[PDB]
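Trainee: Input: one structure, supplied below.
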Amino acid sequence: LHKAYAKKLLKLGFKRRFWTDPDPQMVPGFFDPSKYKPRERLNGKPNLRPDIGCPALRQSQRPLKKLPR
Amino acid sequence: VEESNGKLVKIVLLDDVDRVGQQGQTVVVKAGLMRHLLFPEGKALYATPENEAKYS
Amino acid sequence: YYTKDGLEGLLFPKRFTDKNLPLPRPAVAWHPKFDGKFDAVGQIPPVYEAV
Amino acid sequence: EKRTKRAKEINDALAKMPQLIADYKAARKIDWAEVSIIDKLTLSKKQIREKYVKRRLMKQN
Amino acid sequence: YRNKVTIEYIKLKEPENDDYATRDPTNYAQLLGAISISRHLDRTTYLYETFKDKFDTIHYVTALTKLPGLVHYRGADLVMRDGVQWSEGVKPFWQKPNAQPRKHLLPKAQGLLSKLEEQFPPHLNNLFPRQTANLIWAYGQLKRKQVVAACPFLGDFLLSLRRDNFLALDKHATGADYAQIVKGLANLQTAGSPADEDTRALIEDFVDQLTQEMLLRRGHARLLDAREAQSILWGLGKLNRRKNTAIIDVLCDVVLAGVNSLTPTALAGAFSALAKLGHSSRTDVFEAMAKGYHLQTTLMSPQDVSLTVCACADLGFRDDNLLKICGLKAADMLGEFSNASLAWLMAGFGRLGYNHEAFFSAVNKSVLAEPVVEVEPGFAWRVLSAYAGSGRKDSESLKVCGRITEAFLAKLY
Amino acid sequence: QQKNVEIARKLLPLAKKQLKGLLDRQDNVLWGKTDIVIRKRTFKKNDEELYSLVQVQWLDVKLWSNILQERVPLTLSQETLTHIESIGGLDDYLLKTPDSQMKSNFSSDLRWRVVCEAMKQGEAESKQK
Amino acid sequence: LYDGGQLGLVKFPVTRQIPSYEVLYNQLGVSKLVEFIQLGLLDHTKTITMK
RNA sequence: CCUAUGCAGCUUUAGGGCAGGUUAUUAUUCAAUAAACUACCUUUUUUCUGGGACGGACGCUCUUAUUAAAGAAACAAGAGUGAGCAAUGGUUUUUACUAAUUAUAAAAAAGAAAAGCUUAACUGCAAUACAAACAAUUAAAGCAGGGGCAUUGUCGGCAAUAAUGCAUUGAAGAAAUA
Ligand SMILES: [K+]
Ligand SMILES: [Mg+2]
Ligand SMILES: [Mg+2]
Ligand SMILES: [Mg+2]
Ligand SMILES: [Mg+2]
């Protein structure tokens with residue numbers, strides 16, 4: 001990644017080493033039947049909503065919408 | 001009668017009926033029939049475990 | 001091959017004897033999916049030998 | 001079992017491959033015994049190739 | 001329909017039984033339910049003020065029997081157990097000795113009870129043995145708590161049961177009636193202020209006649225279970241009814257059969273009750289009770305430890321396994337025992353002649369750690385006796401005894 | 001209980017008014033097994049939720065009571081009627097249930113009437129026999 | 001971190017490969033095991049266990 | 001008058017919803033579902049611009065003026081394009097030929113046409129450079145495998161300069177786990 005962008009990520013605390021996280025349930029002898037969860041597909045869609053989305057992907061905060069009544 | 005949703009009920013006969021059956025016979029009849037005619041007239045009782053042992 | 005409870009007994013046996021508790025029992029066998037990963041089933045009190 | 005079946009299919013296909021190649025080459029060769037354009041002495045060899053090769057391939061298709 | 005819709009139906013689960021908390025009763029049965037399930041004195045007072053004229057004999061009895069449960073003890077006099085939940089005979093806390101009621105609840109209970117007592121007298125002749133037993137039990141509870149000093153209707157309740165050679169009981173008696181009558185009378189003669197001389201004579205005379213004629217002669221003890229039999233034994237012990245031992249043997253037999261159902265708080269009561277009565281020939285009964293502490297060690301409290309040790313010393317029953325359990329439990333609960341309580345416990349071990357290393361070792365460590373020790377004459381001799389009787393030697397007990405003597409000499413009243 | 005209150009506060013303003021009206025009828029009908037059901041709508045293209053109330057279908061019937069020798073008008077839901085028929089009728093329903101479970105003034109008054117009448121007839125019959 | 005609207009960081013693809021579970025183990029080098037034995041912190045005359 | 005992270009009211013055959021009534025279907029002795037009509041709720045309705053509206057325009061190539069290194073803007077000017085080809089690709093032989101493209105002084109050991117055989121319009125990698133805010137975009141010696149035409153040279157599409165679209169979501173072939 002370009003130097004200017006990389007420093008900002010490091011300055012914010014980005015330290016990931018692998019594409020995903022390891023699964024403790026896969027270690028032999030450490031399988032907990034209670035904490036069973038079928039493997040899910042990772043979501044690739046960023047949250048770009050300017051009201052409740054990521055602050056790093058919008059210029060400024062927008063007012064929330066009205067509730068149905 | 002379990003899935004009849006109240007439309008069908010088990011009936012215990014105390015006296016001989018023209019079409020429902022004879023005394024002591026446990027049969028299935030429409031809920032409306034028992035509600036309006038058989039029950040108030042005193043010719044039958046609902047097929048509860050206590051009634052079946054006592055009468056059936 | 002050690003399980004979660006077995007590993008505790010191996011590392012801290014005194015944690016069980018001081019409380020007068022029996023040590024954890026060892027496993028019977030490992031799942032066949034791990035064949036080629038382990039050679040023997042560990043014993044909670046290891047058997048030491050001379051070298 | 002699935003791996004064994006898949007290997008069997010590939011082996012059978014490769015056994016028949018040499019014959020398929022021979023037909024592929026043969027179907028695109030001009031048979032001069034069925035050409036009457038030469039008797040006409042009007043068209044070039046390339047035009048003869050297109051006229052008869054296309055008819056043979058389309059009929060086979 | 002571009003935007004597809006999914007519909008879910010959510011059912012709102014509600015309790016099966018109604019708690020009469022906010023609605024006003026409008027019927028004979030509804031009023032009874034609201035009174036019975038009342039949660040606070042303000043609710044009971046509100047019901048009486050509004051529906052005063054729509055009351056019957058049953059309504060007055062129900063209100064009286066539930067009032068003792070609405071009077072709560074101080075939070076400072078209760079200690080919560082770790083993870084214990086309400087169950088059959090088990091509470092989530094244990095009470096310190098001589099627990100006091102809440103400061104702001106006494107005037108309310110006294111005021112409410114005075115109104116009830118005023119309107120009750122006309123209904124005295126329409127009571128059944130069940131209703132009489134519950135009233136006696138309720139008043140005994142109301143005397144143990146600082147609500148009343150005497151039962152105005154005690155003379156009438158006792159006469160009603162006594163009439164016609166206990167004819168009313170002969171037809172409408174159950175196991176609960178005998179347990180409540182004896183237990184209630186005991187709490188009306190010992191709790192709080194000691195007694196009146198005339199009251200003591202009447203209560204003791206009635207109990208003796210009731211026990212012999214009903215439970216013994218007519219064999220009504222067949223209606224009693226382990227818990228009810230234990231309650232009767234406690235009542236007899238407090239009344240010091242040591243003359244008749246035939247009933248004591250019968251009650252002990254019932255306890256022996258249903259030993260499994262008793263908790264440590266009930267086993268200790270049996271030990272103390274037998275010790276007070278002096279019945280020490282039932283070694284087999286003692287052995288069965290001792291075997292009940294093996295598994296229920298998590299339900300023992302300092303009161304149970306103190307009672308068990310003192311009862312064993314008085315009875316002369318020495319069980320090494322039971323004493324070992326009490327010593328180890330006491331060693332951890334040293335912070336809960338009082339100075340006077342912990343001296344009696346030490347003396348109990350000395351009388352039995354049992355030396356418990358962990359128990360005495362913990363006590364010696366605590367005493368030495370204290371910079372300034374002040375031992376009172378009331379229990380100074382008890383702690384010295386325990387060390388001498390227990391055989392504690394020069395290791396560190398002489399230093400503890402030395403400090404004990406110095407503190408005693410420091411005052412010498 | 002906490003979840004029930006949380007759901008109720010999310011109802012549409014008009015659905016709240018309907019809910020209160022339904023609850024105010026408890027003392028006028030034989031509540032029985034009547035229960036409250038909430039309708040929730042979700043959509044695929046947006047993260048929006050709509051909460052609304054599901055009405056109760058009330059039935060007017062006349063059930064026979066041998067103790068009272070009368071056909072008693074009653075307002076019931078289908079589930080309550082099915083339960084009464086299964087248990088053995090109105091008389092068995094009232095005599096096999098405590099006052100706490102009724103949760104209705106109309107039901108409580110009717111039950112109290114039946115219980116008192118049953119005792120009087122039983123006592124007289126018992127003395128005769 | 002906002003870049004004005006270009007949003008250049010989210011123009012890259014996503015990978016979903018799961019790393020091996022063995023990344024959760026403690027790694028011990030053979031050269032480090034020997035150094036302890038040479039210094040005298042480990043007894044090489046008897047079986048060495050994880051304890 | 002113009003400019004906003006703009007606000008509000010009103011209108012409709014702008015998008016979505018059903019939550020009152022009517023209507024349709026179904027079910028129990030005041031009910032459930034809804035691409036309909038009325039009522040109600042909520043949301044959207046670019047920018048550039050010799051001020052704004054109206055009109056026009058938004059990607060990618062060639063050429064003209066700002067000289068003969070490169071680069072260089074305006075609602076400046078003059079022309080193209082959102083493809084085609086199973087040969088119009090690859091490679092050998094022959095010779096009375098040396099053209100054409102949207103536009104253009106490319107090119108003779110080179111091309112075009114004619115005749116023959118072919119599928120490199122490949123699989124897995126790659127030193128070093130051009131350009132460039134970044135993303136991407138451009139040229140490429142060389143190594144291993146399987147091939148084509150020659151018989152030891154060339155082929156990783158087309159004389160060259162345009163014929164295009166990130167991520168996400170969805171789908172297909174195969175393979176590895178669980
Ligand atoms: K101007
Ligand atoms: Mg503008
Ligand atoms: Mg770059
Ligand atoms: Mg070659
Ligand atoms: Mg080429």
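Naming works like this for the structure tokens: A, B, ... for the chains as they're shown, residue 1 at the start of each chain, ligands 1 onward in shown order.
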What residues have any atom no more than 12 Å from ligand 2 when counting only C-alpha atoms (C1' of nucleotides) and all ligand atoms, and can you list them as number ranges by chain?
Mentor: H: 2-4, 46-49, 51-53
Trainee: Export, as a PDB file, in the first residue's frame, the selected residues with C-alpha atoms (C1' of nucleotides).
Mentor:
```pdb
ATOM      1  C1'   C H   2     -27.179  33.428  -6.675  1.00  0.00           C
ATOM      2  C1'   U H   3     -24.791  29.722  -3.244  1.00  0.00           C
ATOM      3  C1'   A H   4     -26.133  25.449   1.165  1.00  0.00           C
ATOM      4  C1'   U H  46     -26.590  15.785 -10.218  1.00  0.00           C
ATOM      5  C1'   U H  47     -22.559  18.901 -11.519  1.00  0.00           C
ATOM      6  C1'   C H  48     -19.984  22.112 -15.293  1.00  0.00           C
ATOM      7  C1'   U H  49     -21.603  27.160 -16.962  1.00  0.00           C
ATOM      8  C1'   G H  51     -24.633  35.231 -12.697  1.00  0.00           C
ATOM      9  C1'   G H  52     -28.860  31.598 -12.919  1.00  0.00           C
ATOM     10  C1'   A H  53     -32.670  29.432 -16.328  1.00  0.00           C
TER      11        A H  53
END
```
Trainee: Taking only C-alpha atoms (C1' of nucleotides) and all ligand atoms into account, which residues are within 10 Å of ligand 4, as a ChimeraX atom specification?
Mentor: /H:147-155
Trainee: With N, CA and C atoms (P, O5', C5', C4', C3', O3' and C1' of nucleotides) retained, write the just-selected residues as a PDB file, in the first residue's frame.
Mentor:
```pdb
ATOM      1  P     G H 147       3.771 -32.891 -27.302  1.00  0.00           P
ATOM      2  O5'   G H 147       2.967 -31.752 -28.069  1.00  0.00           O
ATOM      3  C5'   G H 147       3.362 -31.318 -29.361  1.00  0.00           C
ATOM      4  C4'   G H 147       2.613 -30.078 -29.775  1.00  0.00           C
ATOM      5  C3'   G H 147       2.901 -29.560 -31.173  1.00  0.00           C
ATOM      6  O3'   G H 147       2.213 -30.271 -32.185  1.00  0.00           O
ATOM      7  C1'   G H 147       2.954 -27.763 -29.645  1.00  0.00           C
ATOM      8  P     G H 148       2.952 -30.634 -33.565  1.00  0.00           P
ATOM      9  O5'   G H 148       2.843 -29.298 -34.423  1.00  0.00           O
ATOM     10  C5'   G H 148       1.576 -28.744 -34.744  1.00  0.00           C
ATOM     11  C4'   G H 148       1.709 -27.413 -35.437  1.00  0.00           C
ATOM     12  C3'   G H 148       2.698 -27.350 -36.587  1.00  0.00           C
ATOM     13  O3'   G H 148       2.195 -27.907 -37.788  1.00  0.00           O
ATOM     14  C1'   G H 148       2.968 -25.453 -35.204  1.00  0.00           C
ATOM     15  P     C H 149       3.143 -28.810 -38.717  1.00  0.00           P
ATOM     16  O5'   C H 149       3.990 -27.750 -39.550  1.00  0.00           O
ATOM     17  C5'   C H 149       3.356 -26.886 -40.480  1.00  0.00           C
ATOM     18  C4'   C H 149       4.225 -25.707 -40.831  1.00  0.00           C
ATOM     19  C3'   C H 149       5.590 -26.031 -41.413  1.00  0.00           C
ATOM     20  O3'   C H 149       5.543 -26.359 -42.792  1.00  0.00           O
ATOM     21  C1'   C H 149       5.818 -24.373 -39.745  1.00  0.00           C
ATOM     22  P     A H 150       6.748 -27.182 -43.467  1.00  0.00           P
ATOM     23  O5'   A H 150       7.896 -26.094 -43.645  1.00  0.00           O
ATOM     24  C5'   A H 150       9.260 -26.474 -43.734  1.00  0.00           C
ATOM     25  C4'   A H 150      10.162 -25.378 -43.226  1.00  0.00           C
ATOM     26  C3'   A H 150      11.635 -25.731 -43.081  1.00  0.00           C
ATOM     27  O3'   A H 150      12.352 -25.659 -44.301  1.00  0.00           O
ATOM     28  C1'   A H 150      10.891 -24.659 -41.116  1.00  0.00           C
ATOM     29  P     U H 151      13.490 -26.743 -44.639  1.00  0.00           P
ATOM     30  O5'   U H 151      14.459 -26.706 -43.374  1.00  0.00           O
ATOM     31  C5'   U H 151      15.184 -25.528 -43.035  1.00  0.00           C
ATOM     32  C4'   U H 151      15.819 -25.634 -41.670  1.00  0.00           C
ATOM     33  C3'   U H 151      17.102 -26.462 -41.613  1.00  0.00           C
ATOM     34  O3'   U H 151      17.987 -25.917 -40.633  1.00  0.00           O
ATOM     35  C1'   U H 151      15.475 -27.442 -40.212  1.00  0.00           C
ATOM     36  P     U H 152      19.477 -25.469 -41.040  1.00  0.00           P
ATOM     37  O5'   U H 152      19.674 -24.071 -40.302  1.00  0.00           O
ATOM     38  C5'   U H 152      20.005 -24.013 -38.917  1.00  0.00           C
ATOM     39  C4'   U H 152      18.945 -23.295 -38.120  1.00  0.00           C
ATOM     40  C3'   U H 152      19.420 -22.705 -36.794  1.00  0.00           C
ATOM     41  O3'   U H 152      18.677 -21.524 -36.499  1.00  0.00           O
ATOM     42  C1'   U H 152      17.750 -24.316 -36.375  1.00  0.00           C
ATOM     43  P     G H 153      19.357 -20.321 -35.680  1.00  0.00           P
ATOM     44  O5'   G H 153      18.118 -19.480 -35.134  1.00  0.00           O
ATOM     45  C5'   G H 153      17.896 -18.140 -35.549  1.00  0.00           C
ATOM     46  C4'   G H 153      16.647 -18.017 -36.383  1.00  0.00           C
ATOM     47  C3'   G H 153      15.375 -17.647 -35.640  1.00  0.00           C
ATOM     48  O3'   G H 153      15.290 -16.263 -35.344  1.00  0.00           O
ATOM     49  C1'   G H 153      14.932 -19.400 -37.168  1.00  0.00           C
ATOM     50  P     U H 154      14.830 -15.771 -33.884  1.00  0.00           P
ATOM     51  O5'   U H 154      13.239 -15.770 -33.959  1.00  0.00           O
ATOM     52  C5'   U H 154      12.554 -14.919 -34.865  1.00  0.00           C
ATOM     53  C4'   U H 154      11.255 -15.525 -35.337  1.00  0.00           C
ATOM     54  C3'   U H 154      10.148 -15.654 -34.305  1.00  0.00           C
ATOM     55  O3'   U H 154       9.472 -14.434 -34.057  1.00  0.00           O
ATOM     56  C1'   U H 154      10.295 -17.647 -35.570  1.00  0.00           C
ATOM     57  P     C H 155       8.907 -14.109 -32.587  1.00  0.00           P
ATOM     58  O5'   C H 155       7.540 -14.924 -32.504  1.00  0.00           O
ATOM     59  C5'   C H 155       6.439 -14.590 -33.335  1.00  0.00           C
ATOM     60  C4'   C H 155       5.337 -15.616 -33.240  1.00  0.00           C
ATOM     61  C3'   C H 155       4.819 -15.922 -31.845  1.00  0.00           C
ATOM     62  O3'   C H 155       3.921 -14.940 -31.357  1.00  0.00           O
ATOM     63  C1'   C H 155       5.135 -17.941 -33.040  1.00  0.00           C
TER      64        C H 155
END
```
Trainee: What's the separation between atom CA of residue F:109 and atom CA of residue E:48, in Å to one decimal place?
Mentor: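 Answer for the atom CA of residue F:109 to atom CA of residue E:48 separation: 21.2 Å.
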Trainee: With only C-alpha atoms counted and 12 Å as the cut-off, give the residues of stretch 7-64 of chain A in contact with stretch 31-41 of chain C, each with its shortest interatomic distance in Å and the pair that gives it, as JSON lines.
Mentor:
```
{"residue": "A:26", "atom": "CA", "partner": "C:34", "partner_atom": "CA", "distance": 10.6}
{"residue": "A:27", "atom": "CA", "partner": "C:34", "partner_atom": "CA", "distance": 10.1}
{"residue": "A:28", "atom": "CA", "partner": "C:34", "partner_atom": "CA", "distance": 7.6}
{"residue": "A:29", "atom": "CA", "partner": "C:31", "partner_atom": "CA", "distance": 8.9}
{"residue": "A:30", "atom": "CA", "partner": "C:31", "partner_atom": "CA", "distance": 11.8}
{"residue": "A:31", "atom": "CA", "partner": "C:31", "partner_atom": "CA", "distance": 11.1}
```
Trainee: Excluding residue G:2 and residues on its chain fewer than 6 positions from it, collect all residues at most 8 Å away from it, counting only C-alpha atoms (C1' of nucleotides), and give them as a ChimeraX atom specification.
Mentor: /A:56-59
Trainee: Could you list, as a list in words, all the residues within 10 Å of ligand 3, counting only C-alpha atoms (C1' of nucleotides) and all ligand atoms?
Mentor: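 Selection of residues at most 10 Å from ligand 3: residues 1 and 2 of chain A; 131, 132, 133, 134, 135, 136 and 137 of chain H.
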Trainee: To one decimal place in Å, what is the distance between atom CA of residue F:125 and atom CA of residue F:100?
Mentor: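 Interatomic distance, atom CA of residue F:125 to atom CA of residue F:100: 29.1 Å.
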Trainee: Please give the complete set of residues from chain G that DSSP, run on the backbone, assigns to alpha helix (DSSP H), formatted as a VMD selection string.
Mentor: chain G and resid 30 to 39
Trainee: Restricted to N, CA and C atoms, what would the selected residues look like written as a CSV table (one decimal), in the first residue's frame?
Mentor:
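So the final result, stored in part_18.csv, reads:
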```csv
chain,number,residue,atom,x,y,z
G,30,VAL,N,14.6,-25.8,18.3
G,30,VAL,CA,15.5,-26.9,18.8
G,30,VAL,C,16.8,-26.2,19.3
G,31,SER,N,17.3,-25.1,18.7
G,31,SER,CA,18.5,-24.5,19.1
G,31,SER,C,18.3,-23.8,20.5
G,32,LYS,N,17.1,-23.4,20.8
G,32,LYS,CA,16.8,-22.8,22.1
G,32,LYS,C,16.7,-23.9,23.2
G,33,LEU,N,16.2,-25.1,22.8
G,33,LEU,CA,16.1,-26.2,23.8
G,33,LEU,C,17.5,-26.6,24.2
G,34,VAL,N,18.5,-26.7,23.2
G,34,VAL,CA,19.8,-27.1,23.6
G,34,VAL,C,20.5,-26.1,24.5
G,35,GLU,N,20.3,-24.8,24.2
G,35,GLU,CA,21.0,-23.8,25.0
G,35,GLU,C,20.6,-23.9,26.5
G,36,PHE,N,19.3,-24.2,26.8
G,36,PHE,CA,18.9,-24.4,28.2
G,36,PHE,C,19.6,-25.6,28.8
G,37,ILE,N,19.7,-26.7,28.0
G,37,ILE,CA,20.4,-27.9,28.5
G,37,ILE,C,21.8,-27.6,28.8
G,38,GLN,N,22.5,-26.9,27.9
G,38,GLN,CA,23.9,-26.6,28.1
G,38,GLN,C,24.1,-25.7,29.4
G,39,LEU,N,23.3,-24.7,29.5
G,39,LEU,CA,23.4,-23.8,30.7
G,39,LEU,C,23.0,-24.6,32.0
```
Trainee: Can you list, as a list in words, every protein, DNA or RNA residue that comes within 12 Å of stretch 110-118 of chain H when you count only C-alpha atoms (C1' of nucleotides), leaving out same-chain residues fewer than 4 positions away?
Mentor: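 What passes the distance filter is residues 25, 29, 44, 45 and 46 of chain D; 89, 90, 91, 92, 93, 94, 95, 97, 98, 99, 100, 106, 147, 148, 149, 150, 155 and 159 of chain H.
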Trainee: Could you check the closest approach to ligand 5 for each of H:120, H:129, H:176, H:140 and tell me which residue wins, using only C-alpha atoms (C1' of nucleotides) and all ligand atoms?
Mentor: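 Among the listed residues, H:120 lies closest to ligand 5.
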Trainee: From the set H:45, H:64, H:12, H:5, which residue has the shortest atom-to-atom contact distance to residue A:63, counting only C-alpha atoms (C1' of nucleotides)?
Mentor: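 Looking only at the distances to residue A:63, the closest residue turns out to be H:5.
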Trainee: With distances taken over only C-alpha atoms (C1' of nucleotides), which residue among G:28, G:10, G:41, G:23 lies nearest chain H?
Mentor: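 Nearest candidate to chain H out of G:28, G:10, G:41, G:23: G:10.
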